[PDB]
Amino acid sequence: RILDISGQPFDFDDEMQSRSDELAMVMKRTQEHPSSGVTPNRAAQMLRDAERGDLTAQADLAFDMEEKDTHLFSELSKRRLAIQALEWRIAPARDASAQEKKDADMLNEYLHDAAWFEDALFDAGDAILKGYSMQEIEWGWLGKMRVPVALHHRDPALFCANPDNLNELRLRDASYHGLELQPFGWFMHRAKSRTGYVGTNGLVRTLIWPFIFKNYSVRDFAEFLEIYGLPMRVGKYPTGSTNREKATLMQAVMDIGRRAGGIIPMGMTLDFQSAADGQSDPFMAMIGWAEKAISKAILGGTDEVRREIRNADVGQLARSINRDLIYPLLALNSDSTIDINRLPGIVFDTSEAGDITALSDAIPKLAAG
Amino acid sequence: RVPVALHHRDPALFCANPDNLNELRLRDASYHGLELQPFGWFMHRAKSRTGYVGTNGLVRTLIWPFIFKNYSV
């Protein structure tokens with residue numbers, strides 16, 4: 001039996017938990033769009049439900065926001081590209097033995113040789129907006145070595161938090177208690193932007209309101225622009241007019257454009273009344289305020305703060321990788337028990353690039369000693 | 001054995017498998033499309049946003065500003 005990281009023995013099954021016939025029904029889902037006609041009460045209810053462990057409506061709302069809002073998508077893409085551009089290397093523990101160094105370098109070489117690692121990291125970046133990111137693991141054989149063939153992303157809406165114990169995710173199976181996650185078969189990465197339980201640490205909680213304000217303002221602005229700068233044309237006719245005479249007047253009113261002429265009787269009158277007036281200053285002011293609020297929420301400014309954000313979420317991702325992927329590989333490949341405090345980890349190249357021009361000052365120091 | 005030439009194809013002639021998303025198939029007026037012929041296609045997809053295929057393109061976010069700009073102009 002394979003020994004867990006916590007020290008509790010268990011049985012390892014290569015088949016996915018989602019491949020079960022009974023679970024096949026819940027796998028197929030229709031992606032509802034709760035962003036149509038958003039109401040502050042509706043958003044508050046969705047957030048309240050997500051607090052208790054629903055996590056479905058909030059996930060769909062976050063998906064809708066990440067595609068409907070251009071600024072939010074741009075900022076998220078910028079952040080994910082910034083985190084993805086870093087370089088990583090596997091290093092063993094301090095004062096490591098020769099065998100430990102050999103294992104560390106072989107794992108490092110394998111992970112650079114693994115194509116699915118980049119996709120796995122990119123998919124794990126989804127926990128910046130959503131509260132969590134869940135990916136399957138497809139175990140396989142490569143030269144008598146247990147390695148993952150590929151990792152499959154899963155919809156965040158298919159997971160619910162345990163009411164008895166929060167901060168623990170479970171697979172939804174239409175039951176009071178969801179199915180426990182299959183050990184050595186999942187890659188769960190969560191980003192704790194704010195302290196608290198899972199499902200409340202995502203960026204959706206703070207970004208729901210500016211999105212609503214900005215979208216409503218822009219749609220109202222577009223509607224106002226539609227009926228702007230074209231006054232309505234009206235025509236007054238005497239009470240004794242024939243039914244046919246009204247039709248001719250109605251057709252004549254509809255035929256006004258460019259440099260138009262026309263003759264009207266003394267009894268009839270024609271006037272122009274504007275159906276909309278105002279300026280675009282308030283709509284644009286609100287849109288700009290919402291956009292800068294979103295930019296402040298995501299990036300921290302409208303740089304050093306970007307570097308700190310990258311360091312923090314890179315460290316969180318490294319901890320998640322060490323907890324989820326590094327240990328099972330060694331545990332399955334090695335027959336003996338894996339030491340808990342002597343396992344290799346992943347270190348990202350989080351170092352500021354030096355300036356070769358200003359490091360010429362080291363020569364006098366080297367001469368002095 | 002080398003490829004003589006590669007011919008681009010209309011993206012509208014492909015449909016995703018309802019049983020298993022993220023997999024493209026050639027449309028043939030059937031519930032399940034024809035599976036792609038091995039060693040006969042060059043399929044490149046850009047994952048701008050995570051999720052299933054057909055939702056990771058730039059159309060999803062660029063549809064609205066295009067509408068607003070064109071109607072305004």
# chains A, B, ... in the order shown; residues from 1 in each chain; ligands from 1
>>> residues_around(residues="residue 44 in chain B", least_positions_apart="2", cutoff="12 Å", atoms="only C-alpha atoms", output="PyMOL selection string")
chain B and resi 8+11+24+41-42+46-47+53
>>> write_last_selection(atoms="C-alpha atoms", output="PDB file, in the first residue's frame")
ATOM      1  CA  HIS B   8      -6.059  26.039 -44.921  1.00  0.00           C
ATOM      2  CA  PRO B  11     -13.107  26.986 -39.277  1.00  0.00           C
ATOM      3  CA  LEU B  24     -12.631  18.881 -32.677  1.00  0.00           C
ATOM      4  CA  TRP B  41      -3.915  17.487 -40.070  1.00  0.00           C
ATOM      5  CA  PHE B  42      -2.101  20.374 -38.382  1.00  0.00           C
ATOM      6  CA  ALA B  46      -4.248  29.350 -28.730  1.00  0.00           C
ATOM      7  CA  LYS B  47      -5.484  29.190 -25.131  1.00  0.00           C
ATOM      8  CA  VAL B  53     -12.273  24.836 -26.959  1.00  0.00           C
TER       9      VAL B  53
END
>>> closest_atom_pairs(of="chain A", to="chain B", cutoff="6 Å", atoms="only C-alpha atoms", output="CSV")
residue,atom,partner,partner_atom,distance
A:67,CA,B:61,CA,5.0
A:68,CA,B:61,CA,5.7
A:70,CA,B:61,CA,5.9
>>> write_last_selection(atoms="C-alpha atoms", output="short mmCIF file (atom, residue, chain, number, x, y, z; two decimals), in the first residue's frame")
data_model
loop_
_atom_site.label_atom_id
_atom_site.label_comp_id
_atom_site.auth_asym_id
_atom_site.auth_seq_id
_atom_site.Cartn_x
_atom_site.Cartn_y
_atom_site.Cartn_z
CA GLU A 67 -15.36 37.43 -20.85
CA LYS A 68 -17.86 40.32 -20.81
CA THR A 70 -12.61 43.86 -21.56
#
>>> select_by_dssp(residues="chain B", states="strand (DSSP E)", output="list in words")
residues 14, 15, 16, 24, 25 and 26 of chain B
>>> write_last_selection(atoms="N, CA, C and O atoms", output="compact mmCIF listing (two decimals), in the first residue's frame")
# COMPACT_ATOMS: atom_id res chain seq x y z
N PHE B 14 -16.02 22.58 -38.69
CA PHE B 14 -15.63 21.71 -37.60
C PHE B 14 -16.57 21.91 -36.41
O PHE B 14 -17.01 23.03 -36.14
N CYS B 15 -16.85 20.82 -35.71
CA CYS B 15 -17.72 20.86 -34.54
C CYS B 15 -17.08 20.06 -33.42
O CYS B 15 -16.36 19.09 -33.66
N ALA B 16 -17.34 20.49 -32.18
CA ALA B 16 -16.81 19.81 -31.01
C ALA B 16 -17.70 18.65 -30.63
O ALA B 16 -18.93 18.71 -30.77
N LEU B 24 -11.99 18.45 -31.45
CA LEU B 24 -12.63 18.88 -32.68
C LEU B 24 -12.93 17.68 -33.56
O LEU B 24 -12.28 16.64 -33.46
N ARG B 25 -13.94 17.82 -34.41
CA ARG B 25 -14.33 16.79 -35.35
C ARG B 25 -14.81 17.44 -36.64
O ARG B 25 -15.28 18.58 -36.64
N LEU B 26 -14.68 16.70 -37.74
CA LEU B 26 -15.13 17.21 -39.03
C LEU B 26 -16.63 17.02 -39.17
O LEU B 26 -17.15 15.92 -38.96
>>> select_by_dssp(residues="range 76-253 of chain A", states="alpha helix (DSSP H)", output="ChimeraX atom specification")
/A:76-84,98-113,116-124,204-226,243-253
>>> residues_around(residues="range 127-141 of chain A", least_positions_apart="5", cutoff="6 Å", atoms="only C-alpha atoms", output="PDB file with N, CA, C and O atoms, in the first residue's frame")
ATOM      1  N   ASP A  14      -5.416   3.807 -10.543  1.00  0.00           N
ATOM      2  CA  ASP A  14      -4.984   4.587 -11.698  1.00  0.00           C
ATOM      3  C   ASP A  14      -6.147   5.252 -12.425  1.00  0.00           C
ATOM      4  O   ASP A  14      -5.961   6.312 -13.033  1.00  0.00           O
ATOM      5  N   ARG A 146       6.091   5.596 -13.024  1.00  0.00           N
ATOM      6  CA  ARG A 146       4.732   6.111 -12.886  1.00  0.00           C
ATOM      7  C   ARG A 146       4.761   7.623 -13.073  1.00  0.00           C
ATOM      8  O   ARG A 146       5.189   8.360 -12.181  1.00  0.00           O
ATOM      9  N   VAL A 147       4.307   8.085 -14.234  1.00  0.00           N
ATOM     10  CA  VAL A 147       4.286   9.512 -14.544  1.00  0.00           C
ATOM     11  C   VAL A 147       2.905   9.885 -15.072  1.00  0.00           C
ATOM     12  O   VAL A 147       2.216   9.036 -15.655  1.00  0.00           O
ATOM     13  N   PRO A 148       2.458  11.128 -14.887  1.00  0.00           N
ATOM     14  CA  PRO A 148       1.149  11.530 -15.422  1.00  0.00           C
ATOM     15  C   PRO A 148       1.217  11.715 -16.931  1.00  0.00           C
ATOM     16  O   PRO A 148       2.072  12.441 -17.442  1.00  0.00           O
ATOM     17  N   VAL A 149       0.310  11.046 -17.645  1.00  0.00           N
ATOM     18  CA  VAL A 149       0.246  11.206 -19.095  1.00  0.00           C
ATOM     19  C   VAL A 149      -0.201  12.616 -19.455  1.00  0.00           C
ATOM     20  O   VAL A 149       0.419  13.288 -20.288  1.00  0.00           O
ATOM     21  N   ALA A 150      -1.277  13.087 -18.830  1.00  0.00           N
ATOM     22  CA  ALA A 150      -1.794  14.425 -19.090  1.00  0.00           C
ATOM     23  C   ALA A 150      -2.697  14.834 -17.937  1.00  0.00           C
ATOM     24  O   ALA A 150      -3.162  13.997 -17.161  1.00  0.00           O
ATOM     25  N   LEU A 151      -2.937  16.137 -17.838  1.00  0.00           N
ATOM     26  CA  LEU A 151      -3.822  16.704 -16.831  1.00  0.00           C
ATOM     27  C   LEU A 151      -4.980  17.411 -17.522  1.00  0.00           C
ATOM     28  O   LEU A 151      -4.774  18.180 -18.466  1.00  0.00           O
ATOM     29  N   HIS A 152      -6.196  17.148 -17.049  1.00  0.00           N
ATOM     30  CA  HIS A 152      -7.407  17.697 -17.646  1.00  0.00           C
ATOM     31  C   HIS A 152      -8.046  18.682 -16.680  1.00  0.00           C
ATOM     32  O   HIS A 152      -8.325  18.335 -15.527  1.00  0.00           O
ATOM     33  N   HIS A 153      -8.278  19.902 -17.154  1.00  0.00           N
ATOM     34  CA  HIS A 153      -8.972  20.901 -16.357  1.00  0.00           C
ATOM     35  C   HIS A 153     -10.435  20.514 -16.175  1.00  0.00           C
ATOM     36  O   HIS A 153     -11.039  19.861 -17.030  1.00  0.00           O
ATOM     37  N   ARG A 154     -11.004  20.926 -15.046  1.00  0.00           N
ATOM     38  CA  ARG A 154     -12.385  20.617 -14.715  1.00  0.00           C
ATOM     39  C   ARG A 154     -13.132  21.896 -14.369  1.00  0.00           C
ATOM     40  O   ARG A 154     -12.542  22.880 -13.915  1.00  0.00           O
ATOM     41  N   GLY A 185      -4.682  11.767  -7.347  1.00  0.00           N
ATOM     42  CA  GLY A 185      -5.419  11.831  -8.592  1.00  0.00           C
ATOM     43  C   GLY A 185      -5.907  13.219  -8.948  1.00  0.00           C
ATOM     44  O   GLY A 185      -6.595  13.401  -9.956  1.00  0.00           O
ATOM     45  N   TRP A 186      -5.558  14.210  -8.130  1.00  0.00           N
ATOM     46  CA  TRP A 186      -6.005  15.576  -8.350  1.00  0.00           C
ATOM     47  C   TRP A 186      -4.855  16.539  -8.098  1.00  0.00           C
ATOM     48  O   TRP A 186      -3.906  16.232  -7.374  1.00  0.00           O
ATOM     49  N   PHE A 187      -4.955  17.715  -8.714  1.00  0.00           N
ATOM     50  CA  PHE A 187      -4.002  18.806  -8.520  1.00  0.00           C
ATOM     51  C   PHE A 187      -4.809  20.043  -8.143  1.00  0.00           C
ATOM     52  O   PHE A 187      -5.362  20.722  -9.014  1.00  0.00           O
ATOM     53  N   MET A 188      -4.877  20.334  -6.846  1.00  0.00           N
ATOM     54  CA  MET A 188      -5.706  21.410  -6.318  1.00  0.00           C
ATOM     55  C   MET A 188      -4.833  22.590  -5.917  1.00  0.00           C
ATOM     56  O   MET A 188      -4.046  22.490  -4.970  1.00  0.00           O
ATOM     57  N   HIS A 189      -4.988  23.707  -6.622  1.00  0.00           N
ATOM     58  CA  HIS A 189      -4.264  24.933  -6.319  1.00  0.00           C
ATOM     59  C   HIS A 189      -5.261  26.027  -5.978  1.00  0.00           C
ATOM     60  O   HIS A 189      -6.196  26.281  -6.743  1.00  0.00           O
ATOM     61  N   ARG A 190      -5.059  26.672  -4.832  1.00  0.00           N
ATOM     62  CA  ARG A 190      -5.906  27.768  -4.389  1.00  0.00           C
ATOM     63  C   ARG A 190      -5.037  28.972  -4.061  1.00  0.00           C
ATOM     64  O   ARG A 190      -3.955  28.825  -3.484  1.00  0.00           O
ATOM     65  N   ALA A 191      -5.502  30.154  -4.445  1.00  0.00           N
ATOM     66  CA  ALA A 191      -4.809  31.401  -4.157  1.00  0.00           C
ATOM     67  C   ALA A 191      -5.560  32.137  -3.057  1.00  0.00           C
ATOM     68  O   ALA A 191      -6.738  32.469  -3.220  1.00  0.00           O
ATOM     69  N   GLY A 199     -13.620  29.747  -1.204  1.00  0.00           N
ATOM     70  CA  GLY A 199     -14.757  30.322  -1.884  1.00  0.00           C
ATOM     71  C   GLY A 199     -15.016  31.775  -1.567  1.00  0.00           C
ATOM     72  O   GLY A 199     -15.887  32.385  -2.200  1.00  0.00           O
ATOM     73  N   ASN A 201     -12.004  33.774  -0.840  1.00  0.00           N
ATOM     74  CA  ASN A 201     -10.685  34.359  -1.026  1.00  0.00           C
ATOM     75  C   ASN A 201     -10.405  34.742  -2.473  1.00  0.00           C
ATOM     76  O   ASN A 201      -9.305  35.214  -2.775  1.00  0.00           O
ATOM     77  N   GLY A 202     -11.369  34.556  -3.373  1.00  0.00           N
ATOM     78  CA  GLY A 202     -11.174  34.917  -4.759  1.00  0.00           C
ATOM     79  C   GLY A 202     -11.328  36.406  -5.000  1.00  0.00           C
ATOM     80  O   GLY A 202     -11.718  37.179  -4.126  1.00  0.00           O
ATOM     81  N   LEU A 203     -11.010  36.813  -6.228  1.00  0.00           N
ATOM     82  CA  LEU A 203     -11.125  38.207  -6.629  1.00  0.00           C
ATOM     83  C   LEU A 203     -12.531  38.582  -7.079  1.00  0.00           C
ATOM     84  O   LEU A 203     -12.779  39.757  -7.365  1.00  0.00           O
TER      85      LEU A 203
END
>>> residues_around(residues="range 212-220 of chain A", least_positions_apart="4", cutoff="8 Å", atoms="only C-alpha atoms", output="PyMOL selection string")
chain A and resi 38+69+208+224+283+286-287+290-291
>>> residues_around(residues="residue 334 in chain A", least_positions_apart="3", cutoff="12 Å", atoms="only C-alpha atoms", output="list in words")
residues 2, 3, 103, 144, 145, 146, 327, 328, 329, 330, 331, 337, 338 and 339 of chain A
>>> atom_distance(atom1="CA of residue 350 in chain A", atom2="CA of residue 364 in chain A")
28.7 Å
